[PDB]
Every structure is written in C-alpha cells, then in structure tokens.
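Just so it is clear: in the sequence shown, position 33 is 47 by my numbering, and no numbers are missing. Beta carbons: idealized from backbone N, C-alpha and C, even for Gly.
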Amino acid sequence: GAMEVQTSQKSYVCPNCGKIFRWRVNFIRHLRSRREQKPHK
Ligand SMILES: [Zn+2]
C-alpha cells in the first residue's frame with residue numbers, strides 16, 4: 015500500500031469502504047462523499 019510507512023498518523027477508517035486515511039481533512043471529505051453513494055438501490 016501507499017501508506018505503508020511506520021506512522022501512527024493513519025488511524026481513520028471509513029466503516030463502509032474499509033478505507034484507511036492518514037489525514038482528517040480528506041477523511042471528512044470522503045465521509046461527506048457518502049452522500050454520493052447508494053444505500054442499496
Ligand atoms: Zn467511505
């Protein structure tokens with residue numbers, strides 16, 4: 015993985031995507047991108 019560096023800065027997981035983030039700002043953006051998702055449909 016890209017973020018496979020020895021750093022404890024990456025501790026943000028999106029529960030739906032399983033995505034690991036290292037920064038808060040892009041994380042919240044990704045969590046705001048849930049509005050672009052489809053619950054089921
Ligand atoms: Zn996500």
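Query: Those residues, in chain order, that have a beta-carbon closer than 6 Å to some heavy atom of ligand 1; Result: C28, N30, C31, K33, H44
Query: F35 vs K24 beta-carbon contact at 8 Å; Result: yes
Query: DSSP three-state assignment for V39, whether helix, strand or coil; Result: helix
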